[PDB]
Amino acid sequence: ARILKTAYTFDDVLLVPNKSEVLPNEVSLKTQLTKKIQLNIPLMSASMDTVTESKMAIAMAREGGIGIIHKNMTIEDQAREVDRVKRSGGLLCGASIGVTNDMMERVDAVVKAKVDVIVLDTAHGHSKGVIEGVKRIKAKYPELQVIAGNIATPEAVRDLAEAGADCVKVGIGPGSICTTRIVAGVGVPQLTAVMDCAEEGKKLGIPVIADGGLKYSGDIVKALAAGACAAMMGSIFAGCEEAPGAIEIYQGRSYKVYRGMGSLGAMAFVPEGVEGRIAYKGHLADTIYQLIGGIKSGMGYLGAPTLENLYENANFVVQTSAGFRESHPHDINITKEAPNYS
Amino acid sequence: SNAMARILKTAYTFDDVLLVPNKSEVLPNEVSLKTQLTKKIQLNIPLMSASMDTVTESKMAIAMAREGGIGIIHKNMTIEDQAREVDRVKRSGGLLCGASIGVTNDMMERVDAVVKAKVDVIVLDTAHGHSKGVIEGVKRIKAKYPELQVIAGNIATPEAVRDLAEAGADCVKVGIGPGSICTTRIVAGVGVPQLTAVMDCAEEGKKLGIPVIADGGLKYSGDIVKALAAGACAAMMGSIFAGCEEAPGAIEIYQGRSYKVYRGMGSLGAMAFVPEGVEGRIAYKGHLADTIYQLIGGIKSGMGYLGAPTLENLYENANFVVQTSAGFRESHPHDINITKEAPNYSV
Amino acid sequence: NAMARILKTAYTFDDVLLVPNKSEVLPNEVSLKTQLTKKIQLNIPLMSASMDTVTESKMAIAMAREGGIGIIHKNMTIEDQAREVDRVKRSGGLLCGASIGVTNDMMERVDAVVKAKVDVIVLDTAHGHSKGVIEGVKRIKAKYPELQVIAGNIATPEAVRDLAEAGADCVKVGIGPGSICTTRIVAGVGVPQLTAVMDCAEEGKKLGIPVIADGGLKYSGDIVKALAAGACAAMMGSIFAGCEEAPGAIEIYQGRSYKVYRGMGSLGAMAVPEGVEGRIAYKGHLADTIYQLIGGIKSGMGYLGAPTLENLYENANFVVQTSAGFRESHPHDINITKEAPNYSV
Amino acid sequence: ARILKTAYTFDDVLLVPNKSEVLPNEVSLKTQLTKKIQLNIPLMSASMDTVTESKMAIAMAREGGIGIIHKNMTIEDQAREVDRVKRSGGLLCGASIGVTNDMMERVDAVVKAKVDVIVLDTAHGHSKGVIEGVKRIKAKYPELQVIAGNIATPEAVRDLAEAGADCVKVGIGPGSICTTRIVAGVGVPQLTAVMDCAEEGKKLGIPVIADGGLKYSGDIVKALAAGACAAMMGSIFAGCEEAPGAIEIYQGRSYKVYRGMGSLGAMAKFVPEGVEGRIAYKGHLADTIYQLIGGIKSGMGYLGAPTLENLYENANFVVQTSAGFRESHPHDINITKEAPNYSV
Ligand SMILES: C=C(C)c1cccc(C(C)(C)NC(=O)Nc2ccc(Cl)c(N[C@@H]3O[C@H](CO)[C@H](O)[C@H]3O)c2)c1
Ligand SMILES: C=C(C)c1cccc(C(C)(C)NC(=O)Nc2ccc(Cl)c(N[C@@H]3O[C@H](CO)[C@H](O)[C@H]3O)c2)c1
Ligand SMILES: C=C(C)c1cccc(C(C)(C)NC(=O)Nc2ccc(Cl)c(N[C@@H]3O[C@H](CO)[C@H](O)[C@H]3O)c2)c1
Ligand SMILES: C=C(C)c1cccc(C(C)(C)NC(=O)Nc2ccc(Cl)c(N[C@@H]3O[C@H](CO)[C@H](O)[C@H]3O)c2)c1
Ligand SMILES: O=c1[nH]cnc2c1ncn2[C@@H]1O[C@H](COP(=O)(O)O)[C@@H](O)[C@H]1O
Ligand SMILES: O=c1[nH]cnc2c1ncn2[C@@H]1O[C@H](COP(=O)(O)O)[C@@H](O)[C@H]1O
Ligand SMILES: O=c1[nH]cnc2c1ncn2[C@@H]1O[C@H](COP(=O)(O)O)[C@@H](O)[C@H]1O
Ligand SMILES: O=c1[nH]cnc2c1ncn2[C@@H]1O[C@H](COP(=O)(O)O)[C@@H](O)[C@H]1O
């Protein structure tokens, strides 16, 4: 038993500005999710039963990103949901697969529906089940793009690449709704996790996704600058009109339900998530607009016209909790709504 | 030129660190939680209830033993009552039982009584185990009862592990200042953050062949995983069990909520003074079995994440990272209004 | 083939404290004079922010009368800004500064404030380490070789060097520390201010170019830290936005007096945002606030044995405090029942 | 301009238990305030007009410590105060002195009242005025014991000892009522200040006082283990019935006034370096001292120290994070009973 290092989350770090010749409106946000799949913006909606069904997946795709359709539904329903996305004009669609007895049956149905990428997503991606699962899928569908997760170490990146994964998803315990670190003791602060895993993925030619723990548009800039090809979000999208669930009103405020897929409610037991509510945000398009503007602003400050040189030119400093207080607005009574800050 | 620097080492508590996932070929339902409390005493689960007058009498010790762990009967009662309590556990189906002993004029009379009642382990229990009185107490007890299993505590340094081991202790108990009801660090200025204490003591124990117990400061199942991964053979809890039906004390209702009393053994109320503990209320939890179910499930999850089929394998292959207070905020659920109870998480 | 990296820990004012020095100088014996630029001297090292809720001619006149300087904001027509500079210049030859953006009409605005005899212009931008600001400085110094130019905002030594080479007479440091700023949150970018000022001032001293510590200052002691770290001057928005001389009416809500204060990057000021809009306490007249700030600075210089600001820089030593140190540093374990004029909660 | 190191306050550190052959009841709290002045317990009350006049100094001395009579009164009044303490049984008494035009005449008057020790008390002890003040006092009164302060660095210890100080007082900005670090930006977190200065004092044979920022008895143990010969407190004693000021009731709670000497109110008796407020009434000094001493004795038992010197020689600190601090305090308990040595 040894203590390796201090590991950082997004709130621990800030990016140092670079000499720039590019204005935010001039930068480009295209990214390769896999070698075969390009996205116009590097944003993905989480594969959760309170975040992404076909309604969300279609809107994400029209905005330039992609939704991963959750697997808490019949194989038949999930193929139906993937098919609904694909027939809505050649939109990209993903679907979640689990390490289950019917894994291949479910894969078979979503490929029949022409899914563009599957996510073999589990609480612990660095495992015999996932590794063998990836190898079976690629042995039957060599061309099927496969994201495998979730992981938090460079050894996991190497092992899953070696299995045939086309992309790996990073994130153990940083989710807004996640208790894995509290109930199991396990996880890696997400900025260090993405940085160390992306470094290994660059050496092997495999992209990594930064999944969970993102709250503000500036957090996405950090995750991309740390080397992720894309950022996955549940909380930021669960309050949008296109996520599942009705709008509930209470004391003049509107809400949507959001819960971990390891929460008691979603599994219906020793849960690794919680259940609750988040503010209703309106249409996804308004949220995406603010995320993309802040990302383009950060790339302007970093002198990055596109996303590759962003990682190469990224220098972080660590801030203390007093630095964090300086970074947020302070010593002001904010009386007006800001569209990208709360 | 090169300058002089003050050598101050940082020590960590459970909330300072996280376990890094390992490659895993084991599912949580396949791991084994057996542990050796002492070379002679095996537990089916690595959990102990604290020797406190608001946590463990015979009712709790019986339930802990039936769940696969052990309870330590507290000594805030007559010698005859403590022997009766141990005896009641031992008559309830050969269950394991422990009893707390103090550095007192009547120490051996109390030891004799609980030995007569067939106690399986005594805990020579003190605020400062790395002391002349505890060292001599262990020697005297082992000279009279060479086969009697003795835990000695509490301590926080490898030197204390070495000295108590040389005195004849079969196991040592680590924890100066981490307990939820404890003020030792505040009033005396003394203690060691518990994750570092357990790690540094356990590593010395591993080299001497003596196990160590991680006593105090545990709040969530994941904290126990950290303590076991750091090398502790078992985890001792007061607060986590004190709200259970099987703990001493009536269930008290106030403004629609149910409470039980929990207090330090060094608080005024327990000692009845310069106290080193406080007295208060915690939420009623219901039956011990439901709390144990959640704790065990969390430990098994952690071992799955670390690929550990056994607790020795957990310790041998565990790596930690340090998190900052921002890391801690990410680790807990954040930016959500939690609306439903979770059986293993409360804020 | 470079890779992303974590360079170091960087500190804000609340992270550090100045170690007392042997002193042979009482606080009333110290001199607060400073060179804003080689050409311009200030009797006290304080500047009011170039914002439409902080500085117009009323504030700039009062700042200059106190011995500092105000920068007239550019959220107005070119003609009105020229008029505002002119009102300041007329009142006894007081120093005045004016804000300029990287815009298509940049040189037209410069022309008009030069005509009004502005003493310094600030090429004010969110990201001063940029081609636009560099080319802007060069163009201005080509048409007006002796016009003093401050360029900002920046946070790195590289930026100091690049703007000095472009011809800047002074550089302004601050990416993200402002009270009303959200740059670090929405874009992910910035450098904690004490470290940003120390590292930029270190480069500036090597090149003979001063640097301004802009943003994030809350108490008079924070200004001492900024000056000890090598800044020639401190610029404040929040500390001045509540004064009588700031723009905006005095608003009363539930027995408390307020004034509006907002980021220039806020939706309201621009009518994707990087600032917020709110209200701060009304503080009465600028003179009362400056008195407390100056007294605090003089006290600090007494503690550090510094008769002059250059001596303060040369002999200042900092320690880092933890959040527990910070709790010690503030009053603690006391129910404060009387207002202190230089301390609020 | 450079960052030297991280500096720590009491809440940043904990003492590691030692092997112990001494029980808390077997330890000795005796200490040398100066080479000439022994205290039976290592505690002093602050020279503040809401903490120490003759009533508090007499009570402090009878408990084995010492009070420093504040100077916010006429020279004649301060002499009478000192005189009351000395006539109450040869009790030890101290008196504060400022860097003032009447400095020597104030010293003359308290010397005639037979003060045991004067404290050349100032915001910045590492200054020419204090250095020359000490030299002048020791020139006229070579045997008069002189504490000089306040300071926060080893260099200040050296310069003050060279001036002739018999003891130096450490604390720039730790006071509960102090705003020095906020308004002037200056100070050193108190545990590091005491450790650095006391180590310098030990080399020179000059003791150092840990003055300010103490909240709990364990904070004093840390100050003494860091090498301080004594601890000085305002807040911990200002609520005692022997402190100046009436007991005031507000909404069923009892309070006394407590304020910095550099607050407006105290200076009026303007850029201040302190605040004014109220703290809880604590009853008689004896009950507070009893808890402080018990906690110190417990700490010394944990460290196996029969004496304050052995405590310093064998003390090892570790640093704790804010998560460590949350563990060190009681946590996850609704406290429902008063404890005499713990509040929050
Ligand atoms: C994202 C998270 C948090 C999540 C999502 C759904 C359910 C769970 C539950 C609550 C069921 N928690 C769990 O599942 N915890 C766990 C712990 C350790 C291990 Cl080793 C495994 N292993 C599983 O078996 C598969 C083998 O490939 C795959 O690795 C994993 O899903 C699972 C967690
Ligand atoms: C778990 C704790 C906190 C506890 C439990 C019950 C009582 C106390 C009290 C409040 C009485 N606090 C105390 O007891 N504090 C103390 C401090 C330092 C020393 Cl050295 C000792 N030594 C005692 O005498 C024995 C000699 O072996 C044994 O070491 C110890 O119990 C005791 C503390
Ligand atoms: C002080 C700040 C925060 C501020 C003040 C007013 C408006 C803005 C807005 C909200 C408009 N935010 C912005 O302006 N964000 C931004 C981001 C990245 C870059 Cl690269 C640039 N570049 C601009 O174009 C100029 C070219 O030199 C100069 O670099 C900059 O002013 C601007 C920000
Ligand atoms: C304990 C403190 C905080 C205190 C107590 C009373 C008054 C003050 C006031 C508010 C008046 N604040 C002050 O006094 N601040 C100060 C700052 C810097 C220097 Cl250099 C000095 N020097 C003074 O003049 C003497 C010359 O030796 C001696 O050094 C010092 O007392 C004083 C502070
Ligand atoms: O219950 C769970 N426990 C732990 N992690 C979860 C759970 N459900 C979803 N996740 C992860 O949390 C991410 C969402 O994090 P968020 O964007 O911070 O809300 C998802 O994309 C999953 O990777
Ligand atoms: O009053 C006391 N002061 C300090 N520690 C105590 C006291 N009473 C019990 N303990 C310790 O605290 C542990 C319980 O800690 P908890 O599980 O955090 O509530 C016990 O097992 C003892 O080691
Ligand atoms: O909206 C904005 N976003 C970021 N920084 C701003 C904005 N508006 C003004 N600033 C900066 O914030 C400073 C004022 O900071 P303050 O003194 O902390 O309130 C100004 O002098 C500018 O450098
Ligand atoms: O107004 C002031 N400003 C700064 N320090 C003060 C002031 N008045 C008293 N002190 C110091 O604060 C100490 C008391 O600190 P406390 O024990 O934390 O309340 C005194 O002994 C003085 O050293």
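Indexing begins at 1, ligand by ligand and atom by atom, following the structure's order. First the proteins, then the strands, lettered A, B, ... as listed; each starts at 1.
- Annotation: side-chain hydrogen bond (donor to acceptor under 3.5 Å, both in side chains) contacts of C/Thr53 (sequence neighbours excluded): none.
- Scanning the protein for heavy atoms near atom 1 (O) of ligand 6, the closest one is B/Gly266 N, 2.7 Å.
- Remark: B/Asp15 does not engage B/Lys219 in a salt bridge, criterion side-chain N to carboxylate O under 4.0 Å.
- Summary of contacts: the protein heavy atom closest to atom 5 (N) of ligand 6 is B/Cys182 CB, 3.6 Å.
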Item to check | Stepwise side chain to side chain contact (heavy atoms under 4.5 Å, CB included) test for B/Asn154 and B/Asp215 | outcome: CA-CA 8 Å; B/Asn154 272 27; B/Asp215 175 19; 2.9 Å; yes

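- Here the heavy atom of the protein found nearest to atom 15 (O) of ligand 6 is B/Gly179 CA, 3.3 Å.
- Protein residues having at least one heavy atom under 4.0 Å from any atom of ligand 3 are A/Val22, A/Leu23, A/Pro24, A/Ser297, A/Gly300, A/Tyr301, C/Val102, C/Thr125, C/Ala126, C/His127, C/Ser130, C/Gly132, C/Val133, C/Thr183, C/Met264, C/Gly265, C/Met270, C/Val272, C/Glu274, listed by chain and number.
- Annotation: atom 6 (C) of ligand 6 to nearest protein heavy atom, B/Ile181 CD1, 3.7 Å.
- The distance criterion of under 3.5 Å between nitrogen or oxygen atoms is not met by B/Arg263 with respect to ligand 6.
- Close N/O approach between B/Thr183 and ligand 6 is not found [any backbone or side-chain N/O within under 3.5 Å].
- There is no protein heavy atom closer than 4.0 angstrom to atom 11 (C) of ligand 6.
- One side chain, C/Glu274 or A/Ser297, offers a donor N or O that lies under 3.5 Å from an acceptor on the other.
- Looking only at heavy atoms of the protein, atom 17 (O) of ligand 6 is closest to B/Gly238 N, 2.8 Å.
- Considering backbone and side-chain N/O of B/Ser180, one or more are found under 3.5 Å from N/O of ligand 6.
- Near A/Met267, the atoms of ligand 1 lying under 4.0 angstrom from a non-hydrogen atom of the residue are 10 (C), 11 (C).
- Counting the atoms of ligand 6 from 1 in the order shown, those under 4.0 Å from a heavy atom of B/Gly217 are 16 (P), 18 (O).
- Counting protein heavy atoms only, atom 9 (C) of ligand 6 is closest to B/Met52 CE, 3.4 Å.
- Annotation: D/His331 places no N or O atom under 3.5 Å from an N or O atom of ligand 6; distance criterion only.
- With respect to A/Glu21 and A/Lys19, a salt bridge is recorded, a charged nitrogen being found less than 4.0 Å from a carboxylate O.
- Where the criterion is an N or O separation shorter than 3.5 Å, residue side chain and backbone included, B/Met265 meets it with respect to ligand 6.
- Each of the atoms 1 (O), 2 (C), 7 (C), 8 (N) of ligand 6 lies under 4.0 Å from some heavy atom of B/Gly264.
- At a threshold of 4.0 Å, the pair B/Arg185-D/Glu327 counts as salt-bridged, since one of the basic side-chain nitrogens sits closer than that to a carboxylate oxygen.
- Annotation: B/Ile240 places no N or O atom under 3.5 Å from an N or O atom of ligand 6; distance criterion only.
- In this structure, B/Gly175 has no heavy atom closer than 4.0 Å to ligand 6.
- In this model, no donor atom of one side chain and acceptor atom of the other lie less than 3.5 Å apart for A/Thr179 and A/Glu272.
- None of A/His70, A/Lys169, A/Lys71 except one satisfies the side chain to side chain contact (heavy atoms under 4.5 Å, CB included) rule with A/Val119; the exception is A/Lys169.
- Residues A/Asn18 and C/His129 bring no donor and acceptor atom of their side chains to less than 3.5 Å of each other.
- Side-chain polar atoms of B/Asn344 and B/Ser221 form no donor-acceptor pair below 3.5 angstrom.
- More than 12 heavy atoms of other residues, nucleotides or ligands sit less than 6.0 Å from atom NZ of C/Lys138.
- Of all protein heavy atoms, the one closest to atom 13 (C) of ligand 6 is B/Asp215 OD1, 3.6 Å.
- Given atom 14 (C) of ligand 6, the protein heavy atom at minimum distance is B/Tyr262 OH, 3.5 Å.
- B/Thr56 and B/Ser49 share a side-chain donor-acceptor pair at under 3.5 Å.
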